[PDB]
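Peer 1: Have a look at this fold, sequence not included:
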């Protein structure tokens, strides 16, 4: 479980990344990051 | 030196192809698969999942990388 | 009391969303995976397989549920 915490601490795809271009693939990546966020234990 | 998720940012902002794939392959030749999913999610708009999943699972060490394919689906 | 595949019928005939997902999550919080595929097949018209795969594989259980994804394919 610590590996997911390390991945989050290294490359947390926070919604603050919306400053970039509003690409649909980037929106899908943000949604996937928001769905994976509850996995942090 | 920038192996701790910093050159990945440059590769993502480069907006070019056939650049992040080399870093992905380097993350598989050496045991660095822990950041493979992060590199996939950062360069989501610049990669091809059909070959990414194959290279990540069959061609090299059995990495899962499942959330990437889930978001692709 | 109606845990023997009866509330699943109510959730299916309800034709509403965000209802069968709660039953799926309850089937994973407690060890009741014997009816997970049945609940998936009964309420197929109300579920999203993309998040179902994640919830069933990575979230709190190492379940396969392959025939459901075969029907999705």
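Peer 2: All right, it came through fine. Residues are numbered from 1 along each chain as shown, chains lettered A, B, ... in the order given.
Peer 1: Let me know how buried residue B:45 is, in neighbour terms.
Peer 2: 16 (other C-beta atoms under 10 Å in any protein chain shown). Where you see a C-beta, it was placed from the backbone N, CA and C, and this is true even at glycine.
Peer 1: Report the separation between it and residue B:9.
Peer 2: Distance of residue B:45 to residue B:9, given as C-beta to C-beta, to the nearest Å: 14 Å.
Peer 1: what sits against the nearest residue to residue A:6 once chain neighbours are set aside?
Peer 2: Excluding its sequence neighbours, the residue lying closest to residue A:6 (C-beta to C-beta, 6 or more residues apart in numbering or on different chains) is residue B:34, at 6.8 Å. Contacts here follow C-beta atoms under 8 Å, 6 or more residues apart in numbering or on different chains; on that basis residue B:34 touches A:3, A:6-7.
Peer 1: can you check residue A:13 too?
Peer 2: A:29-30, A:32-33, B:41-42 are the contacts of residue A:13 under C-beta under 8 Å, 6+ apart.
Peer 1: Could you grab the helix/strand/coil label for it?
Peer 2: The local conformation at residue A:13, judged by DSSP: H, G, I helix; E, B strand; the rest coil, is coil.
Peer 1: ok, now how distant is it from residue A:37?
Peer 2: Residue A:13 is 9 Å from residue A:37, by C-beta to C-beta.
Peer 1: How about residue B:15?
Peer 2: Residue B:15 sits at a distance of 26 Å from residue A:37 (criterion: C-beta to C-beta).
Peer 1: before we move on, what about residue B:22?
Peer 2: 29 Å.
Peer 1: which bits of chain B sit near chain A?
Peer 2: Those residues of chain B that sit near chain A, judged by C-beta under 8 Å from any C-beta of the partner chain, are B:4-5, B:8, B:34-35, B:37-39, B:41-42, B:44-45, B:67-68, B:70-71.
Peer 1: Can you give me every residue that contacts residue 32?
Peer 2: If you meant another chain, say so; for now it's chain A. Applying C-beta under 8 Å, 6+ apart, one finds that residue A:32 lies in contact with A:13, B:41, B:67-68, B:70-71.
Peer 1: Correction: the question concerned chain B.
Peer 2: Applying C-beta under 8 Å, 6+ apart, we find residue B:32 in contact with B:3, B:26.
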